[PDB]
Amino acid sequence: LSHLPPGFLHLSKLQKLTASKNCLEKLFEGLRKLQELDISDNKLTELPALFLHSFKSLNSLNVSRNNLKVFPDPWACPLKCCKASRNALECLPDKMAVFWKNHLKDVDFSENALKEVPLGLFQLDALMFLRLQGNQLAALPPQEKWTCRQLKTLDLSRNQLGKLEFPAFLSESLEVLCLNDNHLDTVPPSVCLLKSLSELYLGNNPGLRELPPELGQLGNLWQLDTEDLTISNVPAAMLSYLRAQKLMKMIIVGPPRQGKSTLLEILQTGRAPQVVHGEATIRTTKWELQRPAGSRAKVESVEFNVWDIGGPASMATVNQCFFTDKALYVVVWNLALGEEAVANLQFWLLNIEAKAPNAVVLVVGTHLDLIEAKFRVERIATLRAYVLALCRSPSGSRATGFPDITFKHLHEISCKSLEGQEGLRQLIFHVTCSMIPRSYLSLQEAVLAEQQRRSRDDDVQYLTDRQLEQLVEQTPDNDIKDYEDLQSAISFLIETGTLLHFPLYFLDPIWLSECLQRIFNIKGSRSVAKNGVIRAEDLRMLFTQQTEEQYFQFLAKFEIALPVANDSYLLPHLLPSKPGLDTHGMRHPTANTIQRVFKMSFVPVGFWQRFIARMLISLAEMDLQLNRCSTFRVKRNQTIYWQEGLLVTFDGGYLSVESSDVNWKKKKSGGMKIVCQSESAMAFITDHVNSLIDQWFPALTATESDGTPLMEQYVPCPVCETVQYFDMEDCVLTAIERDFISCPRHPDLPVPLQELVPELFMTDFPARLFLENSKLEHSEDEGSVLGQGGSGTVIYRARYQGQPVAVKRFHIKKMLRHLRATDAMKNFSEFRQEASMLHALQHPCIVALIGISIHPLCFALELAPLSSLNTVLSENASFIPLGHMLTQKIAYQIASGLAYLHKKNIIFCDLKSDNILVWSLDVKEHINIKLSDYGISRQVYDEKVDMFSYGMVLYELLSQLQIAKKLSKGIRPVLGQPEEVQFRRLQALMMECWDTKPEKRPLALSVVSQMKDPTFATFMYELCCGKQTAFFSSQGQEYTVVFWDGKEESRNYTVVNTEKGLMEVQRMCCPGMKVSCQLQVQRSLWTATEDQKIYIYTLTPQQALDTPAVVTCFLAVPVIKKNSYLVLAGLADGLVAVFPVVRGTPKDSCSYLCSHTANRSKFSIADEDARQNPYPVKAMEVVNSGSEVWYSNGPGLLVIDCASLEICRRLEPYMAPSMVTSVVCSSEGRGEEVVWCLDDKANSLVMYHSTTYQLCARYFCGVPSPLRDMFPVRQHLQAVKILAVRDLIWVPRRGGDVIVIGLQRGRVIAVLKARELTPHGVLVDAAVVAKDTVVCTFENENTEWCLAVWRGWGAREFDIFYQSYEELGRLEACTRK
Ligand SMILES: Nc1nc2c(ncn2[C@@H]2O[C@H](COP(=O)(O)OP(=O)(O)O)[C@@H](O)[C@H]2O)c(=O)[nH]1
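Thresholds, definitions, all that
- Residues numbered from 1 in each chain as written, not as in the entry; some residues may be left out.
- Heavy atoms only, no water.
- Helix = DSSP H or I, 4+ residues; strand = E, 2+ residues; numbered from the N terminus.
- Rg over C-alpha atoms; globule rule 2.2 N^0.38 Å.
- Buried < 20%, exposed > 50% of the residue type's maximum accessible area, 1.4 Å probe, protein only.
- Core = buried A, V, L, I, M, F, W, Y, C linked by side-chain atoms within 4.5 Å.
- Near = heavy atom within 4 Å.
- Polar contact = N/O pair within 3.5 Å; in protein donor to acceptor, adjacent residues only side chain to side chain.
- Areas by Shrake-Rupley, 256 points an atom, 1.4 Å probe, with all protein chains shown as cover.
- Nonpolar A, V, L, I, M, F, W, Y, C, P; charged D, E, K, R; others polar.
- Pairing = 2+ DSSP bridges.
- UniProt positions renumbered as here; feature names shortened; annotations may be inferred.
- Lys, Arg positive; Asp, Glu negative; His and termini not counted.
- Salt bridge = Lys/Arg side-chain N within 4 Å of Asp/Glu carboxyl O.
- Contact = heavy atoms within 4.5 Å.
- Arc of directions from axis to C-beta.
- Axes fitted to C-alpha atoms, helices over the stretch in contact; angles between N-to-C directions.
- Disulfide = S-S within 2.5 Å.
- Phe/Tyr/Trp six-rings, centres within 6.5 Å; stacked < 30°, edge-to-face > 60°.
- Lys NZ or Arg CZ within 6 Å of the ring centre and 35° of its normal.

As for the overall build of the protein
- Within the protein one finds 28 helices and 62 strands.
- What you see for the protein is a C-alpha radius of gyration of 44 Å, clearly larger than the 34 Å of a compact globule of 1377 residues, by over 25%.
- Over its C-alpha atoms, taken along the principal directions, the protein stretches across nearly 145 × 90 × 65 Å.
- Residue burial in the protein is summarised as follows: out of 1377 residues, 51% are buried.

In structure tokens:
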């Protein structure tokens, strides 16, 4: 097309017009409602102003890719976006801020030919985006006259700028700055202010040679463009040097004997030692070290926070806590104690590496003066070789899990003779090599002053996070703004020896170490009532001041003051010695008796104390209940224990963890004696925690350098006992694929693995499940894989006697056999843990197990045939893709599953729509979706973390670093207004659970209990239509369409449609005096004012016909005669008039019927009767398929027929002087019209059979609690007006609630009260707008009408909704199995 036809101009109702990809040389050769229009990629050369001025309500403009020369002047319109890129426009108007200042958002003008821009162009406060690429802008307007505070992306690439200042309020708004292909040579200082800027582009600038250091003050910047840049300050992650625009922690350790303190003053000063150290758990000074001879390329002065964690053979396994990364560990050992000192030193070397990796470690030999000089050179060479033999493998490589120690790492001190003192000083300085601070050093004096202030007063010398950040901020020159900088401020402060993180912060270890010493010295006491239990109030006098909440918190992290029930505390260091009571006597019935033995190489001193105490607290947790451990739920009895081993009797099962000598090929060392016989659940909590205590206390997994991982697990052969020990390294590996093994001494007799190691087969579980491989068929292909869950846990598609299931097999295929041995062991250690927690779940909406297999090791879950929730929502992604009814069912099932597992002390993690499995989308069926729990917790996961993700998973239901980072501070995603979603009540849960306040969010049972109220899903939204006069509706689909307001020329009608919730007409002028009644059918409107006249419109009255009185209501009836919808209606005087309905008729034949005259003669009712008072006629109805009609007459109900047009019956269901309000005919169940009626003052209700004309029932509507009440059938409580919703019958009240009742016995089934609407006013008029929705108008004292809309649920919807709620509750509570 070369031009748009002129006829499009006259289309004033047109809104969208697309004419792109054409040859429109001229746009033309009214339209005030146009919103979207594109004329881009055309041959347009100039835009006439007359054509564009007609768009008074335009929203989008597109004149890009055109040959335009002069831009048209702006006009009055709420334009939102304009595009004029790739044009030849050499000028722009300077009036866009007159009308588009608060409306225009997006401006595209790239690839244009402006040498300058107007100043007013930057005055748009509502600007969203701006592009100016490929422009000749050699100058810019001044920054002080710019008000564009909402701009987010600024584009200035391919410009002549700089051949330059911008305002600072774009710092928190702008994110992308484009300055590529420019002639800029120096960076203006204003660039260093944009905090929220994310991407920087300043490439293709030959004039760039240096970058100001202040550019690094922006933390959101991540992208730096250095392409085609002749930069110099950039070294050959780029913000590291821009962002940053001597103190080391050294630890000396060793055996409790030897000096370990004489080395200090030998390094501190010269000469022989002259100070007696005595005994001290720790001492700390800031030792100085200068440059020795030969030093080069190093700092002149380096300050060491010297440090000696010594102990009197005690304080082991706790002094390890004083180990930090990036430290200089130097162990001190005696050269005169022979090779056995090196074997002792094995513990320290492995402990240091396993706790503080990537930290340099040195070895030094003191007290060597006893070594004679004749063989001295030979002696260290032999002694150093063994020390190197530990760190270096026999092949020459570094031993696994050992510090990096080379040949040039061993030296000598000779404290008394002073020889070699200078040797250490040069190397310690030398080894320091091969390794923001201005503010971090500024924090140093604060914490050191914090140490000094608490030193005089002996205050508790530990700083919690609350007292830290205030201390950080209060310091002078406090520039700590970045959150990661504050964390790095503490992280760096650990390595200067001033703070200890303890993953609560501890500053001075001297107070910390001494405080633990006093607790370690309670052996001399009142015998603590034996068996190591101390009362809480009995420990107060044993440095503390009312800080027991936190002072006794880190004592639990030290495994020394674990809490116990009945308000008691335990001390591992003071366990009972050996209460015998004939232990191991007749504790061996030899019935499914399993025994397991460990080696652990060398037994430490802090092992038994930290182990037995750890057993008791975990053991006492199981019976107190009446991924974390979820096994061994058996009963606890007599709980006898001592300093080494315990003995607990569960189900008559002697679980003994006693300790005794163990004899492998090396017939030495101590080990475990784990036995667990019962009748046959074989559960090992001992092995699980014992394999976990090594994480808190490493250095027991000693590889011994030369391929000897002497952390061994052994079991005795029951046949051989009738002793050889069966290794774990081959037992478990033979337990992963086969059931029978070959005993070395009994090759022909295969011992059953179910007896030699029952736990690895988890015979604990009941025999019911026991999935077999014979019947099941499955495949290992990728096509059957349903994803992964981390650490193996592969899923496949399997058939279980014909029922498809999703097996979860643990496929993990990562000396090397020990590596596989510990890899296979952790699988069963976690396979049982997840199986125990899943098998315990029997909730209907939780995926339950169907079986467990060992050969192959796997177990099958329940597979949803209809994929995941994310998958099904993909194709359907208007609003509410799942469905109005399906949404509530699904939103309750998730809550129900959340309610059960939160009750079961199980906490989800990453509640994602992918994790949701959907079974059936059918509404009639009961259960649709179910969960799959990942992980538990003990009574980032913080219980209510799922509720924060509950909104996110349900956010997409209504519809990764920087991908999900705004949730930290709290930013709500894009959600529509409640007025259009039509499901407002649940959108309260979107405002809910979406705030940083965790305790504000409700509990899972509270959300489930909220599903009980049927108001939750029936409610659509709340709408306000301003100040109106009366509520009117109309028949059909058009909904309520009038909402009159005003008087005479101010008489206006506000059209409010319910389906969308918008106002297509808002107070449009229309002549006419005050109106009382209206009706709309087909295309005919019958609007009647209170001037006793009727006006009609073909939607300025078409014609006017007078009436004897003021009419009250209209209702057309289907007489099925000449397709006439006879519009007979009653007036205030009580008479009724019948009018023709064809527009091609005069419409003047009133044919009025005298209601009083008919009653006088036909029914012999005297004028003196109260029923003869001229009551206004309230409402009609249609009955007998329109063949007969009733209408209101005070207390009676006169009946009128379409055939004879005469009253045939007189019926009185009320007593004088009552007036009836409204009357409705449903006839939905089966024939048998069930017409109803109400009252103005008696608030009653009637039950009438049309054929019988009998008062079947009289239900009273005045009951304040109509929740599931009943009635027999043959100020805020008054009923307002009746209306039929499909089959059910609603009785809205003046209090705002609607009383829906069911049809024989009549039962009221719900009370859809809306307690969130009381302030909005009082309900006056309510009516049905469509067969699926009902509206009610809340009118307040201020004459303002508020629209409340409820879903039109019939008998079917409520019955299936009510049964769905109760059945799932039945399906869980009634399941006692
Ligand atoms: N004669 C001599 N004694 C030494 C040497 N090195 C250490 N010592 C002794 O070690 C003792 C100090 O040990 P101590 O500090 O109590 O050990 P710690 O508790 O582990 O720190 C001093 O009494 C010294 O006599 C040495 O080279 N020569």
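So, next bit.
Observations regarding the nonpolar core
- In this structure, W1290 and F1358 are the most contacted members of the largest nonpolar core, which totals 105 residues.
- Tallying contributions element by element places helix α21 (residues 884-903) first for this core, with 11 residues.
- Core analysis: the second largest hydrophobic core is formed by 98 residues, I282, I522, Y551 and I685 among them.

Topic: the site of the ligand
- Around the ligand sit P256, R257, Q258, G259, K260, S261, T262, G278, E279, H367, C415 and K416, and that is every residue in its neighbourhood.
- Within the side chain of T262, a nitrogen or oxygen atom sits 3.3 Å from a nitrogen atom of the ligand.
- Taken by itself the ligand offers 600 Å² of open surface, and the protein chains cover 74% of this.
- A breakdown of the residues in the shell around the ligand according to their chemical character gives 2 nonpolar, 6 polar and 4 charged.

Regarding the sheet that holds strand β35 (residues 857-862)
- Strand order in the open sheet formed by 5 strands is β31-β32-β33-β35-β34, and the pairing between neighbours is antiparallel. The sheet terminates laterally at β31 (777-778) and β34 (851-854), the two strands that pair on one side only.
- Strand direction decides the pairing type here: strand β33 (residues 803-809) and β35, joined by 3 bridges, are antiparallel. Its bridge partner lying in β35, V805 is registered against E862.

Points about the UniProt feature "active site" in the protein
- In this structure's numbering, the residues bearing the UniProt feature "active site" are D910.
- With respect to the helices and strands, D910 occurs in the loop between α21 and β36 (917-918).

Let's talk about the side chain of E1188
- Of note, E1188 is situated in strand β51 (residues 1188-1193).
- Despite its burial, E1188 pairs with no opposite charge; the closest candidate is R1209, at 8.8 Å N-O.
- In this structure the side chain of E1188 is engaged in a polar contact, spanning 3.4 Å, whose partner is the backbone nitrogen of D1201.
- Filtering out sequence-adjacent residues up to four positions away, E1188 remains in contact with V1182, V1183, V1199, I1200, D1201 and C1208.

Structural notes on helix α9 (residues 465-474)
- Burial in α9 covers these residues: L468, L471 and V472. Buried residues of α9, seen end-on, are gathered within an arc of 100° and therefore sit on one face of the element. What points out from α9, more than 90 degrees from its buried face, is the exposed set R466 and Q474.
- If you follow the buried residues of α9, they end up packed against α8 (437-457), α10 (483-494) and β18 (505-506).

Some remarks on the sheet that holds strand β11 (residues 247-253)
- Across the sheet, which stays open at both edges, the 6 strands sit in the order β12-β13-β11-β14-β15-β16 with mixed pairing between neighbours. With one partner strand each, in any of the chains shown, β12 (284-290) and β16 (410-412) form the two edges of the open sheet. Strand-to-strand twist of the sheet, defined as the mean angle between neighbouring strand axes without regard to direction, takes the value 30°.
- In the sheet, strand β15 (residues 360-366) pairs with β16 via 3 bridges, with the strands oriented parallel. From the neighbouring strand, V364 faces β16, where its bridge partner is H411.

Observations regarding the side chain of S54
- Among the secondary structure elements, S54 is positioned in the loop between α1 (49-53) and β3 (60-62).
- Residue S54 is classed as buried on the basis of its relative accessible area, which comes to 18%.

Side note on the pattern of salt bridges
- One pass over the full model with this rule turns up 38 salt bridges.
- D125 is paired through a salt bridge with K101; the nearest N and O atoms lie 3.3 Å apart. Residue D125 is located in the loop between β5 (106-108) and β6 (129-131), and its partner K101 is located in the loop between α2 (96-99) and β5; the two are separated by 24 residues in the primary sequence.
- Of the charged contacts in the structure, one is a salt bridge between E1357 and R1286, with a shortest N-O distance of 2.4 Å.
- We classify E1357 as buried; its relative accessible area is 10%.
- Residue class for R1286 comes out partly exposed when judged on its relative accessible area of 30%.
- In the salt-bridge network here, residues are joined through shared partners; they are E450, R453, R454 and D459.

Some words on the pairing of strand β24 (residues 646-649)
- Burial along β24 is two-sided: the face carrying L646 and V648 and the face carrying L647 and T649 are both buried.
- Relative to β24, strand β23 (residues 640-641) runs antiparallel, the two sharing 2 bridges. Residue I640 lies in a different strand from β24, and its bridge partner there is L647.
- The antiparallel hairpin formed by β23 and β24 contains 4 residues in its connecting segment.
- Pairing of β24 with strand β25 (residues 654-656) involves 3 bridges; the strand directions are antiparallel. When the bridges of β25 are listed, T649 appears paired with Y654.
- Two successive antiparallel strands, β24 and β25, enclose a turn made up of 4 residues, where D651 displays a positive phi of approximately 55°.

Some points on the environment of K523
- Structurally, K523 is set in the loop between α11 (509-519) and β19 (533-535).
- Classification of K523 by relative accessible area gives exposed; the value is 60%.
- With residues near it in sequence (within four places) discarded, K523 still touches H573 and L574.

A look at the state of the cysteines
- Under the counting rule described, the total for this entry stands at 0 disulfides.
- The thiol of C743 is not disulfide-bonded; the next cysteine sulfur, from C720, is found 3.6 Å away.
- Owing to a relative accessible area of 1%, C743 belongs among the buried residues under this scheme.
- We note that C1202 lacks a disulfide partner, and the nearest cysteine sulfur, in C1208, lies 10 Å from it.

Things to note about the packing of aromatic side chains
- Throughout the structure, instances matching the rule amount to 43 aromatic pairs.
- Note on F502 and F558: the rings are 5.3 Å apart at their centroids and 70° apart in plane angle, and the pair reads as edge-to-face.
- A centroid spacing of 6.4 Å and a plane angle of 50° characterise the contact between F607 and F697, whose relative ring orientation is tilted.
- For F607, a relative accessible area of 2% gives the class buried.
- The ring of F429 has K298 lying over it, and the distance from NZ or CZ to the ring centre is 5.7 Å.
- In this arrangement the basic side chain of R984 is found over the ring face of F1019, its NZ or CZ atom lying 4.6 Å from the centre.

Notes on unusual backbone geometry
- The omega torsion across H855 and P856 is 0°, close enough to zero to call that bond cis.
- Locating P856 in the fold gives a position in the loop between β34 and β35.
- Note the cis peptide between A1216 and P1217, where omega equals 5°.
- Residues other than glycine seldom take positive phi values, yet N531 does so here, at roughly 40°.
- Relative to the helices and strands, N531 resides in the loop between α11 and β19.
- Phi at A699 takes a positive value of approximately 80°, unusual for a residue other than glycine.

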